[PDB]
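Asker: Here you go, one structure.
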Amino acid sequence: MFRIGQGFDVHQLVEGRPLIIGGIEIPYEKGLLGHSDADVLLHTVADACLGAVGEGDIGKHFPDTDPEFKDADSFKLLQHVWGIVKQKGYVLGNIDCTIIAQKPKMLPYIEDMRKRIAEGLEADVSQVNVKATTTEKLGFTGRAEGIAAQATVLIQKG
Amino acid sequence: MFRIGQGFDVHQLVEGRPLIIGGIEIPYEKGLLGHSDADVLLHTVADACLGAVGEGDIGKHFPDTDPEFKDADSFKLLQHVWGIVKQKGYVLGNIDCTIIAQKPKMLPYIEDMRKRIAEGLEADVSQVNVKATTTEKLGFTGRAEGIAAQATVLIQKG
Amino acid sequence: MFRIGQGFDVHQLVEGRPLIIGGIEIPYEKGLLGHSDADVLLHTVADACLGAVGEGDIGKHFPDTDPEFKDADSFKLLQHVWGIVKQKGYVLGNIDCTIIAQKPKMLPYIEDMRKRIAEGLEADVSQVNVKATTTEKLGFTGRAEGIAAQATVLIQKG
Ligand SMILES: Nc1ccn([C@@H]2O[C@H](COP(=O)(O)O)[C@@H](O)[C@H]2O)c(=O)n1
Ligand SMILES: Nc1ccn([C@@H]2O[C@H](COP(=O)(O)O)[C@@H](O)[C@H]2O)c(=O)n1
Ligand SMILES: Nc1ccn([C@@H]2O[C@H](COP(=O)(O)O)[C@@H](O)[C@H]2O)c(=O)n1
Ligand SMILES: [Mg+2]
Ligand SMILES: [Mg+2]
Ligand SMILES: [Mg+2]
């Protein structure tokens, strides 16, 4: 028994905020805006996992209206989600993720995001892939108004 | 033994159309524009299903020019597609879907969508997940010009 | 055992380039811009396959700045990627792909695309699905500024 999940998220890039993607703080002059730390990649990972076990989405579990979510660490949120997945009787098969951003260049941070995600999913780094693509200056990600992310996850009984 | 499918669709939001998403009519002052009822989520689910079995996309079976597509009920189209899947030997593993819309708030209608999708795929509600995200006012969805959806499906022999 | 991968890519449409998609030259008045042939779909497929086995993305294996990338045949880049996948001990389960493009109409070239991708992944055509959608004239794909593609792949031990 295998189950699939998919996640998609978008956050605005703005002046007065830290950039945290995949649990890793990137030195940058813009960061992501949200109620929590706005880590678009960990929200997308969390969404894919919840999706795979039929448990809705991060908004159902950590709504904005509740200020426990306010400035929440999304790695801790992911850990809570992974708790739900474990309770269903699953472990990670593998995950594959895409950061969609014109800038910054994510390549130097990728290996540390893979480790961090793997730690949050209680898995080996070889089960976690993270990649990045621009949109060649097209669309809202192309004009650097925001950063999007996608993930697909395969989980299995264990 | 297993196959994966992925679907993506976009419809314009316009005055004077009903809003039908996931087979559920949602009261709102705009609806989706199409030749059919323009149920962007059911079109996405149908496309993921057809994708999983190597049968093309909804346009190969129900082109815009087919008089049957005009005002077609997308749930019925989904049933037709699911008959194709079943003839190939497959049943639903699980499906995970995302509505990409700035508004309306999808949350109250999610559980009815899940039940309707599950009925179309002859499956338990536990096998179906639907979630929603905005794009934080960015891009065409952020301007409420349209609604998009994505789905990933895992099917298995049965 | 099974592994999942997901790809996404975008290239700009510009005058005075061939349009090559899914390894097929499509006669058209614009083509895709890149250092390589800029085949957005074969890039997307390659990234999905690399993702499935935890090997990063095409830029970690075939960076922009590599002279062999300049005017590269993306079918040959796919065959190399597929080499890596086989080296890790996997074969194709199935793959589902979507071209996102306002124009041209892809339908006539879809069957030749499927055969080419199946050849690239050492698979039967029945394991490969290629679809197209527009975005109803919305966003960068809808204004014909570029073409995007998505792919989800399921690979299996063999
Ligand atoms: N159109 C929408 C968009 C989001 N939602 C829900 O609201 C939450 C907040 O969405 P955003 O994070 O995109 O603002 C989501 O996690 C989802 O639970 C909704 O119910 N309808
Ligand atoms: N924001 C980004 C975008 C792309 N990249 C890298 O650059 C490579 C090529 O990306 P583009 O072709 O999208 O520009 C990617 O495969 C990825 O390795 C990155 O490291 N950070
Ligand atoms: N560029 C495109 C876009 C769509 N199509 C086909 O047209 C059909 C309908 O596309 P839209 O509803 O996205 O316009 C699709 O289901 C696909 O069969 C195509 O052949 N080439
Ligand atoms: Mg988020
Ligand atoms: Mg549609
Ligand atoms: Mg490319």
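Keep in mind that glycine also has a Cβ here, set from the backbone N, Cα and C atoms.
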Asker: Quick check: of A:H35, A:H43, which does Swiss-Prot put in the same divalent metal cation site as A:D9, A:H11?
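Answerer: Same divalent metal cation site in Swiss-Prot: A:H43.
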Asker: Please go through the recorded positions A:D9, A:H35, A:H43 one by one and keep those whose C-beta falls under 6 A from any atom of ligand 4; give the result in sequence order.
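Answerer: Passing the 6 Å Cβ check against ligand 4: A:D9, A:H43.
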Asker: Taking Cβ atoms only, which of the recorded positions A:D9, A:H11, A:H35, A:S36, A:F140 fall under 8 Å from chain B?
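Answerer: Correct list, in sequence order: A:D9, A:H11, A:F140.
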Asker: Which ones in the same chain are close to A:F140 (4-CDP-2-C-methyl-D-erythritol 2-phosphate binding site), with CB under 8 Å and 6+ residues apart in sequence?
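Answerer: Sequence-distant Cβ neighbours: A:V10, A:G146.
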Asker: Just name the winner among A:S36, A:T134 (the recorded positions) by count of other CB atoms within 10 A of its CB.
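Answerer: Neighbour-count leader: A:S36.
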Asker: Taking only the recorded positions A:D9, A:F62, A:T134, which one has a CA atom nearest to the CA atom of A:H35 (site 'Transition state stabilizer')?
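Answerer: Out of the listed candidates, the nearest Cα belongs to A:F62.
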Asker: Name the one residue among A:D9, A:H11, A:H43, A:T134 whose Cα is closest in three-dimensional space to that of A:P104 (4-CDP-2-C-methyl-D-erythritol 2-phosphate binding site); these are the recorded positions.
Answerer: A:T134
Asker: To the nearest whole angstrom, state the Cα distance for the pair A:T133 (4-CDP-2-C-methyl-D-erythritol 2-phosphate binding site) and A:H43 (divalent metal cation binding site).
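Answerer: Per the Cα atoms, A:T133 (4-CDP-2-C-methyl-D-erythritol 2-phosphate binding site) and A:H43 (divalent metal cation binding site) stand 18 Å apart.
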